[PDB]
Amino acid sequence: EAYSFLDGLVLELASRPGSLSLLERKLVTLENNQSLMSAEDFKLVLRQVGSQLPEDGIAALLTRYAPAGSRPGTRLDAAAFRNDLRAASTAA
Amino acid sequence: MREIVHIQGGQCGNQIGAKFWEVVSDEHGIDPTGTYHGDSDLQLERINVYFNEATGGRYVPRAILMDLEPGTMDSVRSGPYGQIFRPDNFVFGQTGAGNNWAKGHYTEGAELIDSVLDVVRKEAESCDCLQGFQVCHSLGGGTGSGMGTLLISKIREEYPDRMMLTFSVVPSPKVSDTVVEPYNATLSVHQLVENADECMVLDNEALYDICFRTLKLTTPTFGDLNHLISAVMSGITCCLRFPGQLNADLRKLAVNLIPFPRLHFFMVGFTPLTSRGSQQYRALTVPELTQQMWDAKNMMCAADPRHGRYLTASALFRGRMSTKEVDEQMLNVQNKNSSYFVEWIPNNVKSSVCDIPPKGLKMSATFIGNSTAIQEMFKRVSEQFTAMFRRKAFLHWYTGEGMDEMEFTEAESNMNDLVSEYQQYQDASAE
Amino acid sequence: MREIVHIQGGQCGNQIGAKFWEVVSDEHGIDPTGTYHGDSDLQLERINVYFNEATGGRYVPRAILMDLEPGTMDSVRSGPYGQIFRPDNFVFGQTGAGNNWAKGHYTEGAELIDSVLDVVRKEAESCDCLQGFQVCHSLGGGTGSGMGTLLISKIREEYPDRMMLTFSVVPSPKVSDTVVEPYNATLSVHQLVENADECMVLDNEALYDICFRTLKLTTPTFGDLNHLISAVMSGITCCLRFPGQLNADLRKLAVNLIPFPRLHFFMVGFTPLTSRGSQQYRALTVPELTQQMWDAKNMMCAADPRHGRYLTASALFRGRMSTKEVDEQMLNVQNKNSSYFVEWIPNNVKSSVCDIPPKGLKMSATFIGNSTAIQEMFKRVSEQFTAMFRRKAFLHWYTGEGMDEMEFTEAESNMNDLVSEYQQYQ
Amino acid sequence: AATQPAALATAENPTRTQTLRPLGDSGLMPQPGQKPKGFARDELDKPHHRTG
Amino acid sequence: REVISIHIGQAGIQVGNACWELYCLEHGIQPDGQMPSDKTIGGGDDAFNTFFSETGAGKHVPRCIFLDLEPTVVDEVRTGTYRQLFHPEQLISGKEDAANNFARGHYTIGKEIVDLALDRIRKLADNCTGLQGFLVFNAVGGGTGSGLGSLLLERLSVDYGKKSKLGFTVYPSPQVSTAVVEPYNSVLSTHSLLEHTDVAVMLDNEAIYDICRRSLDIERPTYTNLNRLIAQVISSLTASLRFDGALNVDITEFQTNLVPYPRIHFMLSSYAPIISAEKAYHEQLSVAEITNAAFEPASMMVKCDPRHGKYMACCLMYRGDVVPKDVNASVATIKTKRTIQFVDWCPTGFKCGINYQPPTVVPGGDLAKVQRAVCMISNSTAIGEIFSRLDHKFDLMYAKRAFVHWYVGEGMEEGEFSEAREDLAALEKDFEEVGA
Amino acid sequence: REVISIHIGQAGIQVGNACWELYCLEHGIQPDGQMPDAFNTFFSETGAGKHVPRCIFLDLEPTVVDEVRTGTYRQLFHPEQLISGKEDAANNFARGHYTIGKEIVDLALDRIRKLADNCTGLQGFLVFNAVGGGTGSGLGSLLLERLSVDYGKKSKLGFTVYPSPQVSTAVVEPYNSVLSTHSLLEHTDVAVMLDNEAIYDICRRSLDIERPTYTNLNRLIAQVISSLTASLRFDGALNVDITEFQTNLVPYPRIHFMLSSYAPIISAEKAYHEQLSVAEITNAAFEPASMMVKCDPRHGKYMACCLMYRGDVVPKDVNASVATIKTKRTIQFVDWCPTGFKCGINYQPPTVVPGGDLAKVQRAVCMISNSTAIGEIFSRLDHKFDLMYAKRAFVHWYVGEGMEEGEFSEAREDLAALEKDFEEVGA
Ligand SMILES: Nc1nc2c(ncn2[C@@H]2O[C@H](COP(=O)(O)OP(=O)(O)OP(=O)(O)O)[C@@H](O)[C@H]2O)c(=O)[nH]1
Ligand SMILES: Nc1nc2c(ncn2[C@@H]2O[C@H](COP(=O)(O)OP(=O)(O)O)[C@@H](O)[C@H]2O)c(=O)[nH]1
Ligand SMILES: Nc1nc2c(ncn2[C@@H]2O[C@H](COP(=O)(O)OP(=O)(O)O)[C@@H](O)[C@H]2O)c(=O)[nH]1
Ligand SMILES: [Mg+2]
Ligand SMILES: [Mg+2]
């Protein structure tokens, strides 16, 4: 259930207000040639931005937004995750 | 009764006048609405020198605005105290001189000088005893330098006995905006040395120096420089507007500072100016006023006084002060540094005392010293002027408008023998 | 009244001056914020000599801080009692000399001494009767030795009659920081022997020995050495700041210690100095001060006076005291070891008494001795200078700036004639 | 492979080594000799010095 | 204050298409004609008046005419998005092309359309009240721009006189070029651009190609990007007239402070910062470095090296977050660099202009939204080597009388070829003597 | 105050990759480029919330620069600073000195000026390169020559990598080294010697890493650079700036070659048991077995010494340690330098790289001295240069590029004159 984890992430990022806009910039700048992000890089960005999320939540988020055709836990679709995070941020 | 009319030329002149009128209207306690709201009763008795009473305790400035581009009218009415000027005094053409002395002196000034002449004649005769005319302008632009000095001349053959002040900023190579600055500056000085009674020389370079070193501000825009100029322009005319232990009108300072009619170029300083960081280390005494007044780094001109000699000097003091301390400080500063003062003029320093300080202050001072080191800047301008004119660069913009090659040569000769006069009077022997 | 203006040069000079100003401010009862909070009225009458009334009981020190690196000013402002210095007094260059006499004396001094001269002339003319100038600096660094020397010469040219003190530290071979120390030290001394009025030599190795043996401290940081130097400097001008049974100004000290104008190199000591463990077990009497003041191991210079002759001597005393005991102790020390005093000058000791001791103390003393053993360290530096100059080591950094060989040759020439006359008078 | 785990480790528990000052055997504080932080440096980096 | 712009040739109205799109996006004019919001920010009300005239209401027609001989591009403009904005009567289009022929477009085809262009621009000026001056866009390599442009400028000069006519022309690059007979057209255009244009701004096509490949990193740049850069330059040029600034400068400021003699008006264009969106975030934006980048030959809009020449006068347009103090410091820094030198003719060869509104960005464009920018216009002596470099390859062709039968048939002769050659040689001599 | 570093060749930019990682770790800068004023000498406060190093990587083979562009620090480096050529010099001094360099060096030195004007208190340049390769030796010499002509008075420090005495990775490296040192003589201000076997021995005997790669070598080289720049970066009791090196370490203009050492080089398990004090870490910084160059100064005479101290150190302890060192007769100084030490104290301790093999320490020493065994290094290189030059091996490679044998002979006699000067000064 990665939707609850995403809601928790956006609620946590509601505080320390500079931490929300920073994460989208990190996703865009550290993005691959395509909209691909490695799981290691995703966890690194999540730790850098100040979010402390359990590893199972990170795995659930990766599985929810995993690109088609890869290992279920190897990568993450950066554009789709960012677009869906925008809606969650603007909803709260 | 003693009356001063104000004339503003160009964008710089208009902004300087806006700041000056703001600070003066604050001094006499009139709100930006234009009505009286002051506290002391001493203000109302001497506001006729700058304001005319219109109706219901409303006073309008005795000022005239004159320039050639509507953006300055937009700027004048943008800030506060922009709705207190009488709209009829906005004599104004709309073509724009465009950094051209010839345009503002022969083509555009010729037809627009008559309307502003009508305005100034109407406003000057509206009062009883004119103390003199006061003009702030620039020597770099076209609508401020050429038109301004043509108006200077016109008033001079119209009113020959009245006093005449000219707060003029001269461009410097350190801070240079346009290209043809020497071309306008040399001819403006040529006209000023013959028409103006006395000139109070300003410079943006020294103003930036003051705002950076002394005031230690982060972004010294033109507002701060105009505020410094306005503070000086308020300090010079303090004696007329307020009672004092020893009064000093403009003519008194002119006769006590000008030994020969052609030596009417002064340099400017103001006191006190302290950064807010150094604010709690300061003292409030006459010695610290005269300590910063005589400092060479406080001069608002880009000419070092220690490179020449002090012909005459003057100091205008404001606030509840003791005459004995002022006299003894002046005597000490005259006697100790005895090599920087001219020898054939004993008692080079003239002093005056006023009881009403500027708003927000307890004590202040203003320095007006006629020195022979002011010819340093004239040579600095003339060298560029003769560098350009040697081989006729940008000359087609002037000779293609009515002017001839003779005017440039005469301007060079007059500036040259002016600096020669200053040099000869500097090296003259008392015997 | 009589006015003392303070001048600080280099990192060493800046730290020494910071400690000195903290100690003096503590003595006169002004808080680190700059407002007076003392108790007695004796702390108001003679504070013009060091401070200036600003407003509301705010007193600003009469100091000018000199350096060429932002670190010293930043550390001075950051530390306590750093908010009392006037910012305009922080005359300040940008590039740094960096252990080179020529940079601080010919190139960097040229564009910086003008501001230093401006500020010192502005402050000195503000006061009515300047007693003299005071300078604390270093002979090892660049901006302290060269720039300080240039300023000394400029002041001597400007204000010739006024007094001038020089608390200059001279590096020693045992405690040696910089490789090129002889090059700066010899030329700075060559200029000082004609420029400065009187010189009192400090040394870091002597201070380390003092803080090891006497104070029994295990980690003698620069704070303790600067504290000792500050106490010594404060002790000198105590008579100007407080009444006494026999006052003595700086000129009065100088006239009783300089029989020949080129002999103005003093060796300095302070007392009492006791460890905290041994603080209880000592009685506090005049003999306890005199016996430690004359001890060779208490001197803050790298010169043993037992290898030379006490040509002249001086003693400053603080506290409510008996003049009879002071005179008796001075006569006893004069007549006991008669071989350590010169013959053609009888009664070589000058004494003065102040009734106000330093805070936390009941009695104190200070020693200023013009001995002919001060020429030991001059030879100890000139031997290294001759050993290295004979092969032109590091010379290309000095020659390629304006200096040539003639300055060096005249440097050891004046070094040799000074040490030769000092040996002659022994 | 040499750099990525290092970045992850320093991001997990980001602690910056603060400048420790050795305490002397006295009541006094070391009071470091120099400092690269202060208003003197800020005055030095002001851009108005370039124009003269 | 108003300025009307005329665009000549196929490339001229493409540059105009870019410029007017940028103007409509910058002044908030919906391409149908009206402004959705009456409120204004920055320059204040009545700012749009210098480009758009208040016709009826709910419309703002530009003060421009697109004149061209080939109808295809003009009809493409007519059929595209901006139908309602442009007036149907201002898009002047001929019926047949000039065919890279100066003679054809100057003597045969231009005669029937120059009168209509003049009697439309006459009422365009009549509607105006404070006309600062004209400014033109054309490419001298073509037929309509080179041929008809000469006649149109001559008739404008004889009908108006000393009115300012700013010339933004497009010279053929020394190596990269599209046509064959273009040296003839270029020379025959220079013989009149010398005595008719008030201020001429040179714009080579390969220099902008190098700027795009180097700075904005579009490996396949087309004419649209070049036109967008030209539009940005022109907008940064007229921002002083349009909006309020600290030191505003109008059109007749340039001729006074950049033209030492009436026959010497040739300006190298420069712009900074030309940076991509990704490079914009790691690179700081301050006056000092964007002023330094405005004098490097690698960011000039003309393929020439100013190091081989001597600067006579320079002009600096600033936009955005710019104050007098830091631009004064930056211009003081430049004078210390001995790599670039100024002729002893003019010690203070600088003129600064400060505006407050930052340059706008267009969706689909490649420039990044920045805090500040600089538009540089200078006068030096590399124009002399540019003209001689074109002259050599023009004289290569004429020795064998190639392609000359085309021009003579239309109605001209070979004498004006020789007089144009002599005029170019005299211009080289004048530039060389001035360089002394 | 600011310092900008230039890195040349395949070795230089890898050393830079280690150095800037260490710098970012020290000042708490995330690899993205932003913090979560002491850093001003390395990073610029660009735009809003970003730090960009004052560095350039320039190389002719694009593979390593491109792999840097896709590494961990992708957004840390300002993209146009990483210069990358089209084809390498392939271990040919002439090829990288006459054919390819003329196109890339102009852009490189144009872009360094874009960094100099930003700098307001620029201390001086410092170069990273290896003379064994082609582009580091050939193009690097041209770049240094044009830096010298363009700037002149500003300092240009150097940390070069000459080939190690027996262990080497190429064949024609004697020619490259000789033709590089011929220009390294009169263009660099201070040259710091660095070999590979010395660092391998340091990592084997002290840090007991049985299979070290270039990563550890670059890590500890970065540690040395950080320890010698900490005085400018952080606050200390008694600091030394860049000029101090040329004031107190080069007694003659033509003698600028520095032997480097570092201590303590200790692992995690040995850190707990050893009581690390100033005395022994000063002692370890003088043993020949802990030096960065495969040479023994015991064969020569010390001419100067520079000591850098970081962390929990007090002047009394360093004075005691230097006195004890000076009293020892195992090492002997030259007679004309009686006070050849210069101490520098900083309070910031050296930071530890997670995943690295060094451990947390309270104090460290970085020693940089001038001796006469460097003349032995040069003579030992000259021996094997003249060995293979007699039969003119590989010379046809060089002559075809555009050079001739005049350069060979002139560099040979220049090296011989260097040996003569070193032996004369050491007398
Ligand atoms: N210490 C150290 N030395 C290195 C490193 N990388 C390369 N080297 C040394 O550099 C020498 C050759 O120079 P390189 O930098 O590899 O090659 P180059 O400078 O690019 O020259 P070309 O290969 O011709 O283009 C080798 O013998 C290595 O010993 C490194 O990361 N650390
Ligand atoms: N002190 C001051 N100087 C100004 C002001 N406005 C312009 N200047 C200076 O005046 C010079 C040009 O004057 P200009 O604008 O051409 O005046 P005008 O065209 O005659 O109205 C520039 O070098 C400016 O530095 C101002 O408000 N205050
Ligand atoms: N007594 C004392 N000596 C100091 C202090 N600071 C530095 N020194 C000594 O001064 C010498 C170096 O002086 P330096 O910093 O180069 O002076 P500068 O370069 O002129 O500013 C060293 O040998 C230190 O022993 C201090 O606070 N007290
Ligand atoms: Mg065409
Ligand atoms: Mg390679």
# chains A, B, ... in the order shown; residues from 1 in each chain; ligands from 1
call {"tool": "residues_near_ligand", "arguments": {"ligand": "ligand 5", "cutoff": "9 Å", "atoms": "only C-alpha atoms and all ligand atoms", "output": "MDAnalysis selection string"}}
result
chainID F and resid 9:11 59:61 88:91 133:136
call {"tool": "residues_near_ligand", "arguments": {"ligand": "ligand 3", "cutoff": "6 Å", "atoms": "only C-alpha atoms and all ligand atoms", "output": "list in words"}}
result
residues 10, 11, 12, 15, 16, 98, 99, 138, 140, 141, 142, 143, 144, 145, 177, 204, 222, 225 and 226 of chain C
call {"tool": "residues_near_ligand", "arguments": {"ligand": "ligand 1", "cutoff": "9 Å", "atoms": "only C-alpha atoms and all ligand atoms", "output": "short mmCIF file (atom, residue, chain, number, x, y, z; two decimals) with N, CA, C and O atoms, in the first residue's frame"}}
result
data_model
loop_
_atom_site.label_atom_id
_atom_site.label_comp_id
_atom_site.auth_asym_id
_atom_site.auth_seq_id
_atom_site.Cartn_x
_atom_site.Cartn_y
_atom_site.Cartn_z
N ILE F 8 45.31 18.17 -15.05
CA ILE F 8 45.73 17.85 -16.41
C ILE F 8 45.87 16.33 -16.52
O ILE F 8 46.50 15.70 -15.66
N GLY F 9 45.28 15.76 -17.56
CA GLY F 9 45.50 14.37 -17.91
C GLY F 9 44.59 13.42 -17.15
O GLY F 9 43.71 13.81 -16.37
N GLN F 10 44.82 12.13 -17.40
CA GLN F 10 44.02 11.08 -16.76
C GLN F 10 44.26 11.01 -15.26
O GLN F 10 43.33 10.74 -14.50
N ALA F 11 45.50 11.25 -14.82
CA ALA F 11 45.80 11.23 -13.39
C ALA F 11 45.27 12.47 -12.69
O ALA F 11 44.74 12.37 -11.57
N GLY F 12 45.42 13.64 -13.32
CA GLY F 12 45.07 14.88 -12.65
C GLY F 12 43.61 14.96 -12.28
O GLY F 12 43.26 15.36 -11.17
N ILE F 13 42.72 14.55 -13.19
CA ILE F 13 41.30 14.68 -12.92
C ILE F 13 40.77 13.58 -12.00
O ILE F 13 39.78 13.81 -11.30
N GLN F 14 41.43 12.42 -11.94
CA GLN F 14 41.08 11.46 -10.89
C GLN F 14 41.51 11.95 -9.52
O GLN F 14 40.76 11.81 -8.54
N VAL F 15 42.71 12.54 -9.42
CA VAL F 15 43.12 13.16 -8.17
C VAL F 15 42.15 14.27 -7.80
O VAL F 15 41.82 14.47 -6.62
N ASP F 59 41.23 17.40 -20.56
CA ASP F 59 41.88 16.17 -20.99
C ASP F 59 41.56 15.95 -22.46
O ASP F 59 40.59 16.50 -23.00
N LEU F 60 42.38 15.14 -23.12
CA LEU F 60 42.18 14.82 -24.52
C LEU F 60 41.45 13.50 -24.74
O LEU F 60 40.76 13.34 -25.75
N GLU F 61 41.59 12.54 -23.82
CA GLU F 61 40.70 11.40 -24.01
C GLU F 61 39.36 11.66 -23.33
O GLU F 61 39.31 11.97 -22.14
N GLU F 87 40.89 13.56 -29.11
CA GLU F 87 41.78 12.41 -29.15
C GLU F 87 43.03 12.71 -28.34
O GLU F 87 43.49 13.86 -28.29
N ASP F 88 43.57 11.68 -27.71
CA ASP F 88 44.67 11.81 -26.77
C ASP F 88 46.01 11.92 -27.50
O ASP F 88 46.12 11.71 -28.72
N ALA F 89 47.06 12.25 -26.75
CA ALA F 89 48.41 12.36 -27.29
C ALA F 89 49.15 11.03 -27.37
O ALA F 89 50.16 10.94 -28.07
N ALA F 90 48.67 10.00 -26.66
CA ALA F 90 49.21 8.64 -26.73
C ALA F 90 50.69 8.61 -26.36
O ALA F 90 51.55 8.15 -27.12
N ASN F 91 50.97 9.11 -25.15
CA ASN F 91 52.31 9.08 -24.56
C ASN F 91 53.37 9.64 -25.51
O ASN F 91 54.43 9.05 -25.74
N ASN F 92 53.07 10.81 -26.06
CA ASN F 92 53.99 11.49 -26.97
C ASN F 92 54.01 12.96 -26.58
O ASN F 92 53.00 13.65 -26.70
N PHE F 93 55.17 13.42 -26.10
CA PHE F 93 55.30 14.83 -25.72
C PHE F 93 55.13 15.73 -26.93
O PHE F 93 54.46 16.77 -26.85
N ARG F 95 53.48 15.11 -29.75
CA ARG F 95 52.11 15.08 -30.25
C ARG F 95 51.20 15.99 -29.43
O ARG F 95 50.38 16.73 -29.98
N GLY F 96 51.34 15.95 -28.10
CA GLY F 96 50.57 16.83 -27.25
C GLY F 96 51.12 18.23 -27.10
O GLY F 96 50.49 19.06 -26.44
N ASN F 129 48.95 17.03 -12.37
CA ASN F 129 49.28 16.38 -13.62
C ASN F 129 50.31 15.29 -13.37
O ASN F 129 50.90 15.21 -12.28
N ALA F 130 50.51 14.45 -14.38
CA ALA F 130 51.56 13.43 -14.37
C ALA F 130 52.38 13.58 -15.64
O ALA F 130 51.81 13.63 -16.74
N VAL F 131 53.70 13.66 -15.49
CA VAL F 131 54.57 13.86 -16.65
C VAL F 131 54.80 12.58 -17.44
O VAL F 131 55.35 12.65 -18.55
N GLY F 132 54.40 11.43 -16.91
CA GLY F 132 54.57 10.19 -17.64
C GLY F 132 53.72 10.11 -18.89
O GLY F 132 54.16 9.55 -19.91
N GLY F 133 52.51 10.65 -18.85
CA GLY F 133 51.60 10.58 -19.97
C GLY F 133 51.93 11.59 -21.05
O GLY F 133 52.94 12.29 -21.02
N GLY F 134 51.03 11.65 -22.04
CA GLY F 134 51.23 12.52 -23.18
C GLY F 134 50.60 13.89 -23.04
O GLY F 134 51.27 14.91 -23.22
N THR F 135 49.30 13.93 -22.72
CA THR F 135 48.61 15.21 -22.59
C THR F 135 48.97 15.93 -21.30
O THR F 135 48.98 17.17 -21.28
N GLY F 136 49.26 15.19 -20.23
CA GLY F 136 49.70 15.84 -19.00
C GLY F 136 51.05 16.50 -19.14
O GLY F 136 51.30 17.56 -18.57
N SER F 137 51.95 15.88 -19.91
CA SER F 137 53.30 16.41 -20.08
C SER F 137 53.36 17.47 -21.17
O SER F 137 53.81 18.59 -20.94
N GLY F 138 52.90 17.12 -22.37
CA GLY F 138 52.99 18.02 -23.51
C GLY F 138 52.09 19.23 -23.42
O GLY F 138 52.58 20.37 -23.39
N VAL F 161 53.73 14.02 -11.00
CA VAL F 161 53.96 12.60 -10.81
C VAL F 161 54.99 12.16 -11.85
O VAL F 161 54.64 11.84 -12.99
N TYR F 162 56.26 12.16 -11.47
CA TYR F 162 57.29 11.55 -12.29
C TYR F 162 57.20 10.03 -12.20
O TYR F 162 56.69 9.49 -11.21
N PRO F 163 57.68 9.32 -13.22
CA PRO F 163 57.69 7.85 -13.14
C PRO F 163 58.54 7.37 -11.98
O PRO F 163 59.60 7.93 -11.68
N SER F 164 58.07 6.32 -11.32
CA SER F 164 58.77 5.71 -10.20
C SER F 164 60.02 4.99 -10.70
O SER F 164 60.08 4.57 -11.86
N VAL F 167 59.15 0.51 -10.83
CA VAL F 167 57.78 0.22 -11.22
C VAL F 167 57.27 1.35 -12.12
O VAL F 167 57.28 2.52 -11.72
N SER F 168 56.82 0.99 -13.32
CA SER F 168 56.27 1.96 -14.25
C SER F 168 55.23 1.27 -15.11
O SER F 168 55.16 0.04 -15.17
N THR F 169 54.41 2.07 -15.79
CA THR F 169 53.31 1.56 -16.59
C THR F 169 53.48 1.82 -18.08
O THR F 169 52.58 1.47 -18.86
N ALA F 170 54.59 2.41 -18.50
CA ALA F 170 54.80 2.75 -19.90
C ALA F 170 56.26 2.49 -20.25
O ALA F 170 57.04 2.00 -19.42
N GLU F 173 58.42 6.78 -21.12
CA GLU F 173 58.26 7.81 -20.09
C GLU F 173 59.54 8.58 -19.77
O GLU F 173 59.43 9.71 -19.28
N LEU F 194 55.81 13.54 -6.19
CA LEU F 194 54.87 12.45 -5.90
C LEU F 194 55.21 11.26 -6.79
O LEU F 194 55.20 11.38 -8.02
N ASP F 195 55.51 10.13 -6.17
CA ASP F 195 55.70 8.86 -6.87
C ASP F 195 54.64 7.85 -6.45
O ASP F 195 53.86 8.09 -5.52
N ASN F 196 54.62 6.72 -7.14
CA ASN F 196 53.60 5.70 -6.90
C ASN F 196 54.05 4.58 -5.97
O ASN F 196 53.26 4.13 -5.14
N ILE F 199 53.70 5.63 -2.28
CA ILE F 199 52.34 5.56 -1.76
C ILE F 199 51.89 4.11 -1.61
O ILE F 199 51.16 3.77 -0.67
N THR F 213 44.38 0.21 -4.88
CA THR F 213 44.26 0.76 -6.22
C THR F 213 44.54 2.26 -6.19
O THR F 213 44.95 2.82 -5.17
N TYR F 214 44.32 2.93 -7.32
CA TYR F 214 44.53 4.37 -7.40
C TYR F 214 43.59 5.14 -6.48
O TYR F 214 43.87 6.31 -6.18
N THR F 215 42.49 4.53 -6.04
CA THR F 215 41.53 5.23 -5.18
C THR F 215 42.17 5.65 -3.86
O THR F 215 42.04 6.80 -3.44
N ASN F 216 42.87 4.73 -3.20
CA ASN F 216 43.51 5.06 -1.93
C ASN F 216 44.62 6.08 -2.12
O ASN F 216 44.80 6.99 -1.29
N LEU F 217 45.39 5.94 -3.20
CA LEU F 217 46.45 6.90 -3.50
C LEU F 217 45.89 8.30 -3.65
O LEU F 217 46.38 9.26 -3.03
N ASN F 218 44.83 8.44 -4.44
CA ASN F 218 44.19 9.73 -4.63
C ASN F 218 43.57 10.24 -3.33
O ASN F 218 43.60 11.44 -3.06
N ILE F 221 46.45 11.58 -1.23
CA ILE F 221 46.95 12.81 -1.84
C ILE F 221 45.99 13.96 -1.56
O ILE F 221 46.42 15.08 -1.24
#
call {"tool": "atom_distance", "arguments": {"atom1": "atom CA of residue 54 of chain C", "atom2": "atom CA of residue 74 of chain C"}}
result
23.8 Å
call {"tool": "residues_around", "arguments": {"residues": "residue 245 of chain B", "least_positions_apart": "4", "cutoff": "9 Å", "atoms": "only C-alpha atoms", "output": "JSON list (two decimals) with C-alpha atoms, in the first residue's frame"}}
result
[["chain", "number", "residue", "atom", "x", "y", "z"],
["B", 323, "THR", "CA", 30.53, 80.44, 20.53],
["B", 352, "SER", "CA", 28.10, 81.30, 11.95],
["B", 353, "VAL", "CA", 25.84, 79.80, 14.61],
["B", 354, "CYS", "CA", 22.17, 78.76, 14.51],
["B", 355, "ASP", "CA", 19.94, 77.47, 17.30]]
call {"tool": "interface_residues", "arguments": {"of": "chain B", "to": "chain D", "cutoff": "12 Å", "atoms": "only C-alpha atoms", "output": "list in words"}}
result
residues 173, 174, 175, 176, 205, 206, 208, 209, 211, 212, 213, 216, 217, 218, 219, 220 and 277 of chain B
call {"tool": "interface_residues", "arguments": {"of": "chain C", "to": "chain D", "cutoff": "7 Å", "atoms": "only C-alpha atoms", "output": "list in words"}}
result
residues 70, 71, 72, 73, 74, 75, 79, 217, 218, 219, 220, 221 and 223 of chain C
call {"tool": "select_by_dssp", "arguments": {"residues": "segment 212-285 of chain E", "states": "strand (DSSP E)", "output": "list in words"}}
result
residues 267, 268, 269, 270, 271 and 272 of chain E
call {"tool": "closest_residue", "arguments": {"among": "E:117, E:73, E:24, E:61", "to": "ligand 4", "atoms": "only C-alpha atoms and all ligand atoms"}}
result
E:73
call {"tool": "residues_around", "arguments": {"residues": "residue 416 of chain F", "least_positions_apart": "3", "cutoff": "10 Å", "atoms": "only C-alpha atoms", "output": "PyMOL selection string"}}
result
chain F and resi 375+378-379+382+410-413+419-422
call {"tool": "select_by_dssp", "arguments": {"residues": "chain D", "states": "helix (DSSP H, G or I)", "output": "number ranges by chain"}}
result
D: 4-12, 39-44, 47-49
call {"tool": "interface_residues", "arguments": {"of": "chain E", "to": "chain B", "cutoff": "9 Å", "atoms": "only C-alpha atoms", "output": "PyMOL selection string"}}
result
chain E and resi 130+244+246+248-250+252-253+255-262+313-314+323-325+328-329+332+344-353
call {"tool": "interface_residues", "arguments": {"of": "chain B", "to": "chain C", "cutoff": "12 Å", "atoms": "only C-alpha atoms", "output": "PyMOL selection string"}}
result
chain B and resi 213-216+274-292+294-297+329+332-333+336-337
call {"tool": "residues_near_ligand", "arguments": {"ligand": "ligand 2", "cutoff": "8 Å", "atoms": "only C-alpha atoms and all ligand atoms", "output": "PyMOL selection string"}}
result
(chain B and resi 9-16+67-69+96-99+137-145+169+171+175-178+203-204+207+222-223+225-226+229) or (chain E and resi 247)
call {"tool": "interface_residues", "arguments": {"of": "chain F", "to": "chain A", "cutoff": "10 Å", "atoms": "only C-alpha atoms", "output": "PyMOL selection string"}}
result
chain F and resi 30-32+36+70+72-75
call {"tool": "residues_near_ligand", "arguments": {"ligand": "ligand 4", "cutoff": "12 Å", "atoms": "only C-alpha atoms and all ligand atoms", "output": "number ranges by chain"}}
result
E: 7-14, 67-73, 94, 96-102, 104-105, 137-149, 170, 178-179, 182, 185
call {"tool": "closest_residue", "arguments": {"among": "F:252, F:20, F:234, F:245", "to": "chain C", "atoms": "only C-alpha atoms"}}
result
F:252
call {"tool": "closest_residue", "arguments": {"among": "E:330, E:339, E:222, E:355", "to": "chain D", "atoms": "only C-alpha atoms"}}
result
E:330
